[PDB]
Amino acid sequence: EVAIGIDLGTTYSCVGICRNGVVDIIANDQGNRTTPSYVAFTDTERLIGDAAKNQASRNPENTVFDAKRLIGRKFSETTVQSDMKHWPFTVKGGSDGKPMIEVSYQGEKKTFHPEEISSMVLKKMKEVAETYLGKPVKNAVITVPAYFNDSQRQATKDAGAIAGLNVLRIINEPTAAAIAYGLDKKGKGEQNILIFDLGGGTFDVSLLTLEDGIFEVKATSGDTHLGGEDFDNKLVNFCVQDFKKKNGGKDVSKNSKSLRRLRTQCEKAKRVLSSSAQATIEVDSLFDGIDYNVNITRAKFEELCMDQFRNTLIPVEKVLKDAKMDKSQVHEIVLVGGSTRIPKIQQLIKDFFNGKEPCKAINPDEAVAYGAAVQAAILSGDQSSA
């Protein structure tokens, strides 16, 4: 009877519950309101979430992430050929054409389908909700990108069933974000909603229309390889070159462990730069026992990412063109995804929409789970959010 909403994200997942008209986003064991979509296998144990992401640089080969890029795809798809360059783990094609993720677990070679890896993330999110409620949870609404095809959606549903969840429904991520803000029950008249979703690995822009509680996805666009990880890479590339100028041409990029440790600190400094004017990137004994330290101003970060930030407007213009509508016709702009916390991105979107304030009251990396939790409560017969 208890139903949860789960945002099964590319890089982070989130679980919410809507009870008595109110939505609680549930913190995991480490107090984190989102959980990495990571699964790691060691000589002794299977780690999921924070523990898996935390040891990724020490166990790259057996730490799986990005299973959402493989779920419901045939291994031969060109997107798999292209994406696999970014994965330290091995992916091979099975006789059925499905991807098989290969890891070592307790000294043995193991293979998993993408939906098996995703089922472990879903099981962790289910357990996070169960620990909070103190009761077992069986029903869930799980979200997927609006462009996900039938195979990708069915494999996501199968991942839910493997995790022990009764999937009440698979719904679109942009629609879940709009439902979170009560835009389906506000005004009644026709509303054009733009969802601007910039996460860790992907960028999705969706233009929705809503007449009388009915959402329709009119147009979608974006870039499946533009996200926060790309802004971290701009900081990494700068630091690699800065280390060269400081230490007689020494190249950190030759050591993959040095790059991973540098990337971890680049991502931390980036987050700091969303609320501070400066941040320090520091890695003790980075390469050749040399300590690395640099100060990055928000202005320098904005400069390194200038083109990537500005180019987020290209898919915005594309959805408006496809839907045959002017930017002045957009009633609400909803910011979704952890990267929408970057002040420069918020300013670019606001200026594009002629000073219109975007809807960002809900923590952007929680809005999809928040909407899914609302839909899960409605599908369970609870009309309290209405």
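Position 1 is the first residue in the sequence shown; the rest follow in order.
*Asks:* Got a sec? Mean C-alpha B-factor, which is higher, 280 to 288 or 214 to 222?
*Replies:* The deposited B-factors put 280 to 288 ahead on the C-alpha mean.
*Asks:* Mean CA B-factor: is it higher for 367 to 375 or for 16 to 24?
*Replies:* It is 16 to 24 that shows the higher mean C-alpha B-factor.
*Asks:* Which has the highest CA B-factor per the PDB entry: 244, 270, 157, 123?
*Replies:* It is 244.
*Asks:* Can you tell me which of 193, 146, 205, 252 has the highest Cα temperature factor in the record?
*Replies:* 252 has the highest C-alpha B-factor of those listed.
*Asks:* Select lowest, middle or highest to describe the third in which the CA B-factor of residue 354 falls within its chain in this entry.
*Replies:* As the PDB entry reports it, the C-alpha B-factor of residue 354 lands in the middle third of its chain.
*Asks:* Check where residue 97 lands among this chain's C-alpha B-factors and tell me if it's the lowest, middle or highest third.
*Replies:* CA B-factor rank for residue 97: highest third.
*Asks:* For residue 34, does the deposited CA B-factor place it in the lowest, middle or highest third of the chain?
*Replies:* Lowest third.
*Asks:* Hey, what third does residue 114 fall into on Cα B-factor, ranked over its chain?
*Replies:* Middle third, going by the recorded CA B-factors of the chain.
*Asks:* Split into thirds by Cα B-factor across the chain's modelled residues, where does residue 338 land: lowest, middle or highest?
*Replies:* For residue 338, the deposited C-alpha B-factor lands in the lowest third.
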